[PDB]
Amino acid sequence: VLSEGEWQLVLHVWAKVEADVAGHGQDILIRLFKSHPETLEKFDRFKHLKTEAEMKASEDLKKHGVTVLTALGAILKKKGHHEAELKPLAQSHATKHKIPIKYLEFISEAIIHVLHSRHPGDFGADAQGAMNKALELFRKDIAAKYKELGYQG
Ligand code: HEM
């Protein structure tokens with residue numbers, strides 16, 4: 001359970017992300033695909049992209065980065081009370097997209113790296129720890145729905 005102070009650190013940096021949702025979404029997905037190429041293979045939509053420059057040039061990738069970060073921002077702003085938001089996302093990711101929980105750990109690492117690069121003054125160690133706690137809570141609650149559905153592993 002995050003404390004109020006931890007949530008304030010999370011949402012303070014997140015309000016900065018929202019100034020350029022699309023640039024953040026591109027940077028996070030590109031870092032994910034470069035750091036963990038098995039993730040790119042899950043996207044029929046993107047798996048034709050073979051270089052970082054091709055990834056940066058893809059408008060469709062930039063659009064999907066916005067989709068992803070808008071869903072995550074709506075979850076963070078619930079401060080843990082996010083059951084209604086996670087149901088459909090766990091269901092699609094487990095049963096349609098076939099995304100292991102581990103790959104959610106990988107995207108969490110990419111989010112934290114990009115927030116540290118773009119917002120160092122608002123993303124000191126206290127805020128890095130709080131965001132890590134918020135993304136761990138996200139993964140914990142998604143993993144429980146995966147397990148219900150027979151996909152935790
Ligand atoms: C912060 C974590 C993530 C969030 C908030 C998120 C959010 C979303 C949203 C909102 C959609 C569109 C609606 C839906 O299908 O449920 C989507 C689609 C999708 N996501 Fe995620 N996602 C996350 C992580 C991942 C990861 C790690 C992968 C793969 C490694 C992944 C793979 C996909 C795929 C394959 C689609 C369908 C893309 C298409 O063909 O249109 N997601 N995601």
Side-chain angles (χ1 to χ4, degrees), residues 2 6-7 9-18 20-52 54-119 123 127-153:
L2 278 71
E6 286 166 340
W7 285 118
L9 291 171
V10 168
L11 295 177
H12 184 76
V13 74
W14 196 257
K16 308 294 190 174
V17 165
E18 292 189 332
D20 179 16
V21 180
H24 286 82
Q26 280 173 303
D27 290 348
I28 288 166
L29 291 173
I30 295 172
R31 176 56 165 241
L32 179 64
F33 293 160
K34 292 186 81 188
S35 298
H36 306 276
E38 60 274 40
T39 66
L40 177 56
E41 187 81 339
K42 294 288 177 170
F43 290 88
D44 283 350
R45 200 164 153 187
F46 301 125
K47 69 185 178 144
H48 69 280
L49 299 167
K50 297 309 195 268
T51 72
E52 180 165 4
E54 288 171 2
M55 293 175 185
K56 283 181 175 276
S58 173
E59 189 70 8
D60 198 50
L61 184 59
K62 185 170 182 177
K63 269 228 309 223
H64 198 63
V66 171
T67 297
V68 172
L69 295 187
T70 298
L72 182 57
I75 285 160
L76 295 170
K77 291 171 194 183
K78 297 305 189 153
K79 298 170 64 187
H81 295 94
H82 50 219
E83 169 69 25
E85 287 67 34
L86 269 20
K87 237 182 182 84
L89 187 71
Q91 295 177 351
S92 66
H93 285 65
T95 77
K96 181 177 226 163
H97 310 319
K98 322 293 217 72
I99 308 307
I101 297 302
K102 189 71 176 183
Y103 290 17
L104 299 184
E105 181 188 357
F106 297 156
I107 202 176
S108 296
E109 291 304 316
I111 289 165
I112 289 168
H113 189 276
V114 170
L115 277 179
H116 175 96
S117 291
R118 291 178 162 250
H119 310 297
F123 209 61
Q128 288 163 47
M131 184 60 76
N132 180 241
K133 283 195 160 201
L135 298 176
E136 280 209 355
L137 178 59
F138 170 78
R139 289 204 299 285
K140 172 184 171 190
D141 286 355
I142 291 279
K145 294 193 165 157
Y146 272 43
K147 187 183 187 287
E148 170 187 345
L149 295 169
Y151 295 80
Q152 212 205 251

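For the single chain, residues carry numbers from 1 onward in sequence order. Both counts, for ligands and for their atoms, begin at 1 and track the order of listing. Quick note: numbers below take in every heavy atom, side chains included, and nothing from hydrogens, waters or symmetry partners.
In summary, the aromatic rings of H24 and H119 are positioned with their centroids under 6.0 Å apart.
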Quiz item: Where do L115 and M131 land on the side chain to side chain contact (heavy atoms under 4.5 Å, CB included) test, with the steps shown first?
Solution: CA-CA 10 Å; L115 277 179; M131 184 60 76; 3.7 Å; yes

Practice problem: For the pair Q128 and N132, evaluate side chain to side chain contact (heavy atoms under 4.5 Å, CB included) and give the outcome as yes or no after the intermediate values. | Solution: CA-CA 6 Å; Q128 288 163 47; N132 180 241; over 6 Å; no

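Exactly one of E83, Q91, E85 qualifies for a side-chain hydrogen bond (donor to acceptor under 3.5 Å, both in side chains) with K87. That residue is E83.
The distance from atom CZ of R45 to atom CG of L61, rounded to the nearest 0.5 Å, is 8.5 Å.
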Give every pair made of an N or O atom of ligand 1 and a protein N or O atom lying under 3.5 Å apart, one pair per line with both atom names and the distance to 0.1 Å, or write 'none'.
residue	atom	partner	partner atom	Å
ligand 1	15 (O)	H97	NE2	2.8
ligand 1	16 (O)	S92	OG	2.6
ligand 1	20 (N)	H93	NE2	3.0
ligand 1	22 (N)	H93	NE2	3.0
ligand 1	41 (O)	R45	NH1	2.8
ligand 1	42 (N)	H93	NE2	3.0
ligand 1	43 (N)	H93	NE2	3.0

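Within the 4.5 Å cutoff, side-chain heavy atoms of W14 are placed close to those of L72.
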